[PDB]
Amino acid sequence: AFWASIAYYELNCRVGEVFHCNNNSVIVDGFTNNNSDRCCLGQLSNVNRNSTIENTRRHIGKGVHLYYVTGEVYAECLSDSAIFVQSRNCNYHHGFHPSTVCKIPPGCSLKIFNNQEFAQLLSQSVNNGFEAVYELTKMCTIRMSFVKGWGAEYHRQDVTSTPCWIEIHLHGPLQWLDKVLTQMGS
């Protein structure tokens, strides 16, 4: 019923409740002043907040727009300020460092998830060990931050280093994975 679930974070401390998307076209903004399709970060709260965070939480602006189609996810940077994505899947696709972090230019869009490759990987690994088919678990979760980058070619080198970011859990890919592990024993 929910293709995914975005959990918002501030540095290393999670913030607000997990948002579940029962829509396919879901926007994640940061503006201010209840709303199905939109997931607004701006109406959230944190005390551990501060200047360094306050400042970034204003550049999120139009934020990001995630699209789920046919079993594939897309991300368009609606914010006047960049967006940084790290998807093991999106990477494996373009043959990137499996940990590469992708900068989606304001106005731009990128396919952070391809289901076809996934199902491929999955079956391509079932006959390759359990622990293998399991780490494919790491693929069902994408993590994107706002404004400030991280990982290689950045001062910040782990998402926890950024003032704000999200975590997107792809249930579809997670579901199968289980069903595969399950049948890998009985």
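Whatever comes next refers back to the structure up there.
**Brief notes about the sheet that holds strand β7 (residues 72–77)**
For sheets, the rule is that strands pair by backbone hydrogen bonds, running either parallel or antiparallel.
Next, step 1: On the basis of which strands lie adjacent, the open sheet formed by 5 strands has the order β5-β4-β6-β7-β10 and mixed pairing. Strands at the two margins of the open sheet, each flanked by one partner only, are β5 (38–40) and β10 (109–114). Across this sheet, the average inter-strand angle for adjacent strands is 20 degrees, counted without regard to direction.
Next, step 2: Both strand β6 (residues 64–69) and β7 contribute to a ladder of 6 bridges, which runs antiparallel. Its bridge partner lying in β7, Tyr-67 is registered against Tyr-74.
Next, step 3: Packed on one face of the sheet, helix α3 (residues 115–126) meets β7 and β10 and runs near 30 degrees to β10.

**Looking at the layout of surface pockets**
Next, step 1: If you add up the space inside the second largest pocket, you get close to 190 Å³.
Next, step 2: Around the second largest pocket, the lining residues are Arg-88, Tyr-92, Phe-96, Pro-98, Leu-121, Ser-125, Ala-132, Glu-135, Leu-136 and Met-139.
Next, step 3: At the level of secondary structure, the elements contributing two or more residues to the lining of the second largest pocket comprise α2 (88–94), α3 and α4 (130–135).
Next, step 4: Looking at side-chain class alone, the lining of the second largest pocket contains 7 nonpolar, 1 polar and 2 charged residues.

**Focus: the side chain of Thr-162**
Next, step 1: Tracing the backbone through its elements, the reader meets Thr-162 in the loop between β11 (141–146) and β12 (165–170).
Next, step 2: Overall, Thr-162 belongs to the buried group, its relative accessible area being 0%.
Next, step 3: At a separation of 2.7 Å, a polar atom in the side chain of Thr-162 contacts the main-chain carbonyl oxygen of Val-159.
Next, step 4: In this structure, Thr-162 is in contact with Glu-10, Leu-11, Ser-145, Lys-148, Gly-149, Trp-150 and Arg-156, ignoring residues within four places of it in sequence.

**A short note on the environment of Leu-66**
Next, step 1: Tracing the backbone through its elements, the reader meets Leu-66 in strand β6.
Next, step 2: Those residues in contact with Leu-66 that lie beyond four places of it in its chain are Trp-3, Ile-6, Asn-24, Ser-25, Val-26, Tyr-74, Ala-75, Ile-112, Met-144 and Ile-168.

Cut-offs applied
Residues numbered from 1 in each chain as written, not as in the entry; some residues may be left out. Heavy atoms only, no water. Pairing = 2+ DSSP bridges. Helix = DSSP H or I, 4+ residues; strand = E, 2+ residues; numbered from the N terminus. Axes fitted to C-alpha atoms, helices over the stretch in contact; angles between N-to-C directions. Contact = heavy atoms within 4.5 Å. 1 Å grid on protein atoms, 1.4 Å probe; cavity = no way out; pocket = protein on both sides within 12 Å on 5 of 7 lines; lining within 4 Å. Points joined across faces, edges and corners; volume = space filled by probe spheres on them. Nonpolar A, V, L, I, M, F, W, Y, C, P; charged D, E, K, R; others polar. Buried < 20%, exposed > 50% of the residue type's maximum accessible area, 1.4 Å probe, protein only. Polar contact = N/O pair within 3.5 Å; in protein donor to acceptor, adjacent residues only side chain to side chain.

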